Amino acid sequence: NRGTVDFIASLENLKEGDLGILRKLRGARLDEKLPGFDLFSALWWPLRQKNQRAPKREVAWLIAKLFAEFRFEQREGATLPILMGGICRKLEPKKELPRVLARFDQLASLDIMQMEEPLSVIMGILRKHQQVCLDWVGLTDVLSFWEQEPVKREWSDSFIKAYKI
Amino acid sequence: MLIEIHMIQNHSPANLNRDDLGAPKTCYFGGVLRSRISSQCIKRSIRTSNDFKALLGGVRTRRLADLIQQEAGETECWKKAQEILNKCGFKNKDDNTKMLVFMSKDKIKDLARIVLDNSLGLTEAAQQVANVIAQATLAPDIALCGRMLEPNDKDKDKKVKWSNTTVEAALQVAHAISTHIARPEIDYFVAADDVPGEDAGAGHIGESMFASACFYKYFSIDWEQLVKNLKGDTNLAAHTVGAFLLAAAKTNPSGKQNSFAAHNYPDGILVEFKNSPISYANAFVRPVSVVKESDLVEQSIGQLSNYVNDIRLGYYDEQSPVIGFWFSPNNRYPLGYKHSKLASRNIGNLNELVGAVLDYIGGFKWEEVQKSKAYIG
Amino acid sequence: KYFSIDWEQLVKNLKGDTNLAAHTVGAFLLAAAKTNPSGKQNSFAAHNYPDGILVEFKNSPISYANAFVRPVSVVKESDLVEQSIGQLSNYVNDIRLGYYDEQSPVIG
Amino acid sequence: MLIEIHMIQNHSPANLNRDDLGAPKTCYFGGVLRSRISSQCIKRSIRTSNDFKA
Amino acid sequence: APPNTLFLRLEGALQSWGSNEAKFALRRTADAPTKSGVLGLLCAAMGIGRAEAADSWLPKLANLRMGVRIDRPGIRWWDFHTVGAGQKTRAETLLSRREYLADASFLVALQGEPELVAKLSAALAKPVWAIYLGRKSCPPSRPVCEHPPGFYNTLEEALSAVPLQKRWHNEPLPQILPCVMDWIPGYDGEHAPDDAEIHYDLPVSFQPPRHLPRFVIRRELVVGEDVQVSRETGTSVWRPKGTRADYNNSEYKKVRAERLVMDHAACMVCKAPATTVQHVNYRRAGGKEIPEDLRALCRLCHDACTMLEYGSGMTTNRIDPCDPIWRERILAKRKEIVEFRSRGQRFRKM
RNA sequence: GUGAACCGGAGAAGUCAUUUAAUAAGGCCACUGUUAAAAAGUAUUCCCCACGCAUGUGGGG
Ligand SMILES: [Zn+2]
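Chains as they are written, first to last, in the working numbering: chain A, 22 to 186; chain B, -13 to 363; chain C, 4 to 111; chain D, 16 to 69; chain E, 179 to 528.
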């Protein structure tokens, strides 16, 4: 896609003031506070009116908030299941590993509205283990096409491939 | 004539039914994962409650000899009671335990008076207790759930004659399914030592599992089968129907309730009289999803009303219509979105709903059918 | 579910009572739509109704079982029933594009 | 003349046909397993019915 | 040229061609259609009963050479079939098991006299009686009269002029297609060969059913050299349309201006110079919309409308500003925007 | 009318009981938004229609 790449580049073009504006609004909707709505509209609407396959409003809002609180540099080949597999194959397999596995597996039963907080938990686990990179574009596409079966199959397959190295 | 009850309920975070692994019971419906309460849980939790106390005329146990022994006040005949029961046909499964027998609490006196009699033999004693067991099918709970008792025969010496021990059921309870997708969660607990001085440290994180859901519940009672099951008692059948409706409205399965305490109430009860049974579970093949402003219960009731209207307009026949009443607590949740009303009545009190149901069924009154009292104990 | 009825065989079975044959066809059309198997319905109570019935008249027999050679996968803005009906519609469209005309139009 | 009837019917969690073991009856089509209600079960329900007796 | 051979396609979800080893309760398919099986299908096509077929119609029909090509060789599935005696008189229940071939396809070629083949093909286009595959609980999934006849040659040549149909994109295929053919006389190899098996599928009579042995030979075929792989037609996987609206193609850019002239440059609810257009019904987008689907609005009112439908879960029927039920919420959102907006932020972002 | 036709694997069942994730932490040190303007002493006001045509009067968007 190209709307996603432009959206991510625009998000990384922000400075500390607008990042703080987005950071103050975690856990909130889009139609609540005017400064957040204005910032997100001015960042997203030209891309939507240009590219027909730009990310939807809810997905783009969720990625904007996650980037605000969990600022990671954009890199290719650093998807969420790969990093979760790399982290998960370092703990004992009796107590901690089933807990982290259950936390990762909760995401399959949630829709796109109720997914900011588990993703925040996963990214907090990533940040606790000295991670400084993430693939925002691939995560945005996966969240955009989520209720399908092949996307979840590829998600779990990438997790298994990272876990069984 | 069939009386059907469709209920919408929403429950607090709890665990009302678990499998062997402890996780809450789930199922698959519409290609997505729901949450399930098994039908044998609903039936047991309804029939064992403070609202069904007067009609608990049945018992289900393997220790019938213990019932015979406790029915008397002497040293009794406990060993030869078990020998007689072995002669009956309730053989030990792999030389262990017994077979489940459903029987009325009334006819145990005949068992006590027959087994203790010394003017007979073991074979005649076994035949007599078999005969009196086969004629213990007069109880409100046995008239709904139904019975099927069949010995394995491995111990049938062609000396004990058996009879029609099967009772056709009158009540068909469906498995309760959630109206939305299922979101199970894990509660993490640590048991704390009361002594302040531990001098030790080790992780002992436990694992408990729970979930919260909006359940759709479906029941069905065959009126003509209940008359035949109760041999022709209209008053007892009406009392059982009313008490079952009142119990099902205000009871919950007593699962992990001392730690979760999720005694919630239904937000909608639709009672319909029909000629052929119909289930509205197809309303929720599309799962209910929350929006910017919505109750989960309001959206579920709206979907139910949409599908009910579609079925009524689609499967319509003037030879046998359907008339139904819709009950909500003080009309909190109307059937729909204040549009396309279908229900012939809008009750706002549960007692009035049960009274109207009994009035349509036989013209009885709820204060009138309470005189038909079964075994209480 | 698929059903077929032979009109000539039924008429020969009734030896000419065409009104009785039509009444039996109507009775079966009602019954096969509002009857369910009795297996374990006292514990599960799956008294559901058809979500769409298609009656067709043609010379050769056929069954639209090849429509669901790909298992139906559910998406966000659909349910299982609508997708099954959509696959049936696509197969009917393809059949009427391929097998039609020859002085024999089909009726749905 | 050959009248053909096609139906699509979604069912609640149930067990309408059984093997000698107790599982629901299945079949194979398209590379997966599919739940199946047998032909002779459906014909027995349509026959001997109160609708077909009235 | 007069036709010589006739083609039959036998394919269904379930099918079963019984064999002689089915004697008491267990009924087994062999592997493939038999001669006696297909010559009951042809007999039921021309409406010949069980009687009157043995003396006249069967001897002429049995004088044929037929061969079966197998694709999707089928997976045998067993069925626990109970017959209730009673419901002599007893409450007993008889048990049996029946075998079916699941997901199978067979191509049968029958070669013989020209006018007999023409009569058979004319009968198959509109059969007199119901046509099934072995047992009456197994209807075909593809038409039996699907391939045209012709003046072909011996059965190996007749089993090569039919393409191998596929169903979806990643449909796995076999490299080898086994085929089963009737043995052929000719007085050079007058004795039966070593690799010939014996099948009991030569029909003589049907009501007191009578079958005779028939020598059967087996051969093979390879895809790409004898049969060319075809392709499926139509669309299998069904998806909702769900056209995401586009604001860059020419058709929408002209429809929007047409709507902006239909309403005389005035916002609908607040009656200010309109600068944008908001959709109501979304099931026409992508460049096919009509001017009646669109409503003119200004910046403040369209921002309020966008706020009012962010997470409301509206798929096709969005907010209609001309509706007098949405007036209060739009006015309240407009008041909030007027009270709390900052022009400096928007001017700085662009 | 096809080892085929005719054909229910059916009746039945609470997984219930017990449990704090607890004890602790400053996000700290530095930064002009600067340089500019008559809503008015003009020389064509962006379009249509009544009249006789001395840098002409009336009427309507
Ligand atoms: Zn406006």
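Virtual Cβ for every residue (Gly too), placed ideally from N, Cα, C.
Would you report the Cα separation of residue i and residue j, rounded to the nearest angstrom?
i, j, result
"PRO327(E)", "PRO181(E)", "6 Å"
"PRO237(E)", "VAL382(E)", "7 Å"
"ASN(-4)(B)", "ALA233(B)", "17 Å"
"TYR5(C)", "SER66(C)", "7 Å"
"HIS480(E)", "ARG521(E)", "17 Å"
"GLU270(E)", "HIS259(E)", "14 Å"
"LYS40(D)", "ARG33(D)", "5 Å"
"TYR102(C)", "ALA68(C)", "16 Å"
"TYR52(C)", "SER262(B)", "11 Å"
"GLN90(C)", "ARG51(D)", "19 Å"
"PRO317(E)", "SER291(B)", "39 Å"
"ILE57(D)", "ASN39(C)", "8 Å"
"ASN1(B)", "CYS13(B)", "15 Å"
"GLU85(C)", "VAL142(A)", "37 Å"
"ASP185(B)", "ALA178(B)", "13 Å"
"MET89(B)", "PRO387(E)", "55 Å"
"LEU43(A)", "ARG20(B)", "35 Å"
"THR165(B)", "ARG73(C)", "27 Å"
"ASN316(B)", "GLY44(B)", "36 Å"
"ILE29(A)", "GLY98(A)", "16 Å"
Buried or exposed, going by whether 16 or more other CB atoms sit within 10 Å of the CB of residue i?
i, result
"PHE230(B)", "buried"
"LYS18(C)", "exposed"
"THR47(B)", "exposed"
"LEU(-12)(B)", "buried"
"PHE60(C)", "exposed"
"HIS249(B)", "exposed"
"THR100(A)", "buried"
"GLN406(E)", "exposed"
"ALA287(E)", "buried"
"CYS63(B)", "buried"
"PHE202(E)", "exposed"
"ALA360(B)", "buried"
Say the cut is 6 Å; is the CB of residue i nearer than that to a heavy atom of ligand 1?
i, result
"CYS448(E)", "yes"
"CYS476(E)", "yes"
"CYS483(E)", "no"
"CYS479(E)", "yes"
"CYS445(E)", "yes"
Legend entry - Chain-ordered residues of the stretch 273 to 294 of chain B with a beta carbon less than 7 Å from chain E: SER275, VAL277 and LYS278
Inset, instruction - Taking a Cβ distance cut-off of 7 Å, strictly less, list which residues of the stretch 122 to 143 of chain A are near chain B, in chain order. - result: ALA123, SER130, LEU131 and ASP132
Inset, instruction - Please list the segments of the beta strand (DSSP E) lying wholly inside the stretch 45 to 117 of chain A, counting only runs of 3 or more residues, in order along the chain. - result: none
Legend entry - Selection of the stretch 9 to 25 of chain B by Cβ proximity to chain D, strictly under 9 Å: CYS13, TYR14, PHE15, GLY16, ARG20 and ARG22
Inset, instruction - Let me know the beta strand (DSSP E) ranges lying completely inside the stretch 306 to 390 of chain E, each 3 residues or longer, listed in chain order. - result: 354 to 360 and 375 to 383
Legend entry - Contained alpha helix (DSSP H) runs [length at least 4] in the stretch 19 to 53 of chain B, N- to C-terminal order: 25 to 33
Inset, instruction - Starting from the N-terminal side, write out each stretch of the beta strand (DSSP E) that is 3 residues or longer and does not extend beyond the stretch 49 to 132 of chain B. - result: 87 to 90
Inset, instruction - Scan the stretch 128 to 210 of chain B and note each continuous beta strand (DSSP E) run of 3 residues or more that stays entirely inside, going in chain order. - result: 162 to 164, 171 to 173, 194 to 196 and 200 to 208
Legend entry - Against chain A: residues of the stretch 162 to 187 of chain B by CB proximity under 9 Å: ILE167, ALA168, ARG169, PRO170, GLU171, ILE172 and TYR174
Legend entry - Proximal residues, the stretch 112 to 145 of chain B versus chain C, C-beta separation under 8 Å: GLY132
Legend entry - the stretch 39 to 56 of chain A: positions lying closer than 7 Å to chain E by Cβ: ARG50, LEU51, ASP52, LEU55 and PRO56
Legend entry - Contact residues within the stretch 482 to 502 of chain E, judged by C-beta distance below 9 Å to chain B: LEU486, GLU487, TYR488, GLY489, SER490, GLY491 and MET492
Legend entry - Positions along the stretch 150 to 171 of chain A whose CB lies within less than 7 Å of some CB in chain C: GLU168, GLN169 and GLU170
Legend entry - Secondary structure, beta strand (DSSP E): runs of 3+ residues fully inside the stretch 282 to 357 of chain B: 309 to 313 and 331 to 333
Inset, instruction - Starting from the N-terminal side, write out each stretch of the beta strand (DSSP E) that is 3 residues or longer and does not extend beyond the stretch 223 to 303 of chain E. - result: 243 to 262 and 271 to 289
Legend entry - Completely contained alpha helix (DSSP H) runs for the stretch 399 to 428 of chain E, where each covers 4 or more residues: none
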